[PDB]
Each structure stands twice: as structure tokens, then as C-alpha cells.
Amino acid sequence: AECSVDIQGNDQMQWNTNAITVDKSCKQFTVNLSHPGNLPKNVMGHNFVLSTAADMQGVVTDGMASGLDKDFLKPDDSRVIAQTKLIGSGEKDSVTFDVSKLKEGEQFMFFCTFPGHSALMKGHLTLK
């Protein structure tokens, strides 16, 4: 039944969870990102970005180059399975993706592409 997870990125560059498990029952999966901090998007913006483990470094690197006004994401980046907006304190964004995009046998990571954030704001997504 459970095909969504609520995730928080705070003023300390921490996710409240570093592991998400997608039930193979789920045709679609929803990530509800919120920012419970006080700092604005230009200081402590967070996004939720999902890719293969192998692709994460390249997504982080090319996102950095794209800058704040592009949510630190390379536009139309085919390595990105799912992304939210970059959000600041008190904001929220959701993303729904087809679980068909998660291939059995792949390793997945989620991360924030705000420059410097992905060192601490990284987690692993798996299927149960």
C-alpha cells in the first residue's frame, strides 16, 4: 500500500533519513520534500534528486554549473530519475515517478545538488 515517503532537509545540511525503500507493489512512488529550517533558498536551499549511484557525481557536478536560478540541476539531465524544485525554509515540493524507472539490480542514491550539500545530504534508495 505505502508508495510515498516524507523527507526533510534542515539548516544543518542533514536529511532526516538516508535510506528510502520502494515497495515493488508500487507502480508510482512519491517523495514529499519539506524544509523545516529558517534559512532561505540562497543560503540553505535543498532539492531531492534521485539517480543511479554511478550517475550521482556527474549530476552533482553539472548541477553546480547550472546555478541557483536553475535549482543547481542541468536542464533535461537524462541521468535524473526524479527531482524536486530547490526549496527554502517553510517550503515543500513533491515528485512522483514511475517505479518502472528503477531497474532491479541497479543501486540508487538521492542527494541535494546545492553546492557542497551532497557530501552530507546523500542517501540510498532500494526496492523491497
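The numbering used is simple: start at 1 and walk along the sequence shown.
Peer 1: Going by the average Cα B-factor in the PDB entry, point out whether 7 to 15 or 111 to 119 comes out higher.
Peer 2: Per the deposited B-factors, the answer is 7 to 15.
Peer 1: Mean Cα B factor from the PDB record: higher for 44 to 52, or higher for 92 to 100?
Peer 2: Between 44 to 52 and 92 to 100, it is 92 to 100.
Peer 1: Determine which member of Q83, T30, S34, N38 has the highest CA B-factor, using the values in the deposited entry.
Peer 2: In this record, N38 carries the highest C-alpha B-factor of the candidates.
Peer 1: Using the temperature factors of the C-alpha atoms in this entry, rank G58 within its chain: lowest, middle or highest third.
Peer 2: For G58, whose C-alpha B-factor we compare with every modelled residue in the chain, the answer is the lowest third.
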